[PDB]
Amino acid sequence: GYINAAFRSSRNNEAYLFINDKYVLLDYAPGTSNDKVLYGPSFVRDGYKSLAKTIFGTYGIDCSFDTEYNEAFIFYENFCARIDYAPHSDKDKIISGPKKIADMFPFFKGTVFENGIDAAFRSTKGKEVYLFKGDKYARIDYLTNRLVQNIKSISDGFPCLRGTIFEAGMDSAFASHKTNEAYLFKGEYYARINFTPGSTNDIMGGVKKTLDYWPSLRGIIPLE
């Protein structure tokens, strides 16, 4: 029971992470030690009234990403929705959906993302987002609804991961507030990386034990 999804929050240095059918709001504190928990672990169906009677309230969120303002896409197997998470309040709501990924993102039909996406994170460039499934990755634009490029292996677009455990998949991910940095997770490990849109680059060395560098997650992952 490790992190299966996360998205960056509009609120500075805050991020929501999803574990099983639960979630936690966190001040991850990118370049600082005061990495702390703000809310939860709490059940999605409890923290999000808009999802109480949904498949998401029942099983949780398995992949997601922030878009713009207080909104994020959340997934659960072949289904997804756009929600306004209403940071630090009662007022969350489902904006679009829930629909199938195939119906929310027509370009995914026939590809390996059709029935589920492993993880994702927002790019700093325009309205672009990167999504992962297996050892493949997608770069999309959510406003104009298209694949910016052909889907290809994670190593092709993210060479710094070749050799690492992320080569073959990501349980979860979210973008950092610090420019062009993202956080990736798989099992007990994570990695902070610096990416550059339209380019194939390293780097950020140090795949690390997540609990080793996230004081605030002890007692929370692994959730059993």
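Rigid core: the largest C-alpha set superposing within 1.5 Å between the two forms. Throughout, we count residues from 1 along the sequence that is shown.
Engineer: Fitting on the core, do the C-alphas of 6-14 or of 202-210 deviate more in 4 other deposited structures of this protein?
Structural biologist: Checking 6-14 against 202-210 in 4 other deposited structures of this protein, I find the farther stretch is 202-210.
Engineer: How do 59-67 and 32-40 compare in 4 other deposited structures of this protein: which one has C-alphas farther from this form after the rigid core is matched?
Structural biologist: With the rigid core superposed, the C-alphas that lie farther in 4 other deposited structures of this protein are those of 32-40.
Engineer: Please work out which of 85-93 and 104-112 has the higher mean CA B-factor as recorded in the PDB entry.
Structural biologist: Per the PDB entry, the higher value belongs to 85-93.
Engineer: On mean C-alpha B-factor from the PDB entry, just flag whether 174-182 or 158-166 is the higher one.
Structural biologist: The stretch with the larger mean CA B-factor is 158-166.
Engineer: Take the CA temperature factors straight from the PDB entry and tell me which of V37, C63, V44, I55 peaks.
Structural biologist: Result of the comparison over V37, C63, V44, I55: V37.
Engineer: Within this chain, which third does the Cα B-factor at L17 fall in: lowest, middle or highest?
Structural biologist: Lowest third of the chain for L17's C-alpha B-factor.
Engineer: Ranking the modelled residues of this chain by C-alpha B-factor as given in the entry, is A6 in the lowest, middle or highest third?
Structural biologist: Bottom third by C-alpha B-factor.
Engineer: Against its chain's modelled residues, does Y48's Cα B factor rank lowest, middle or highest third?
Structural biologist: Middle third, going by the recorded CA B-factors of the chain.
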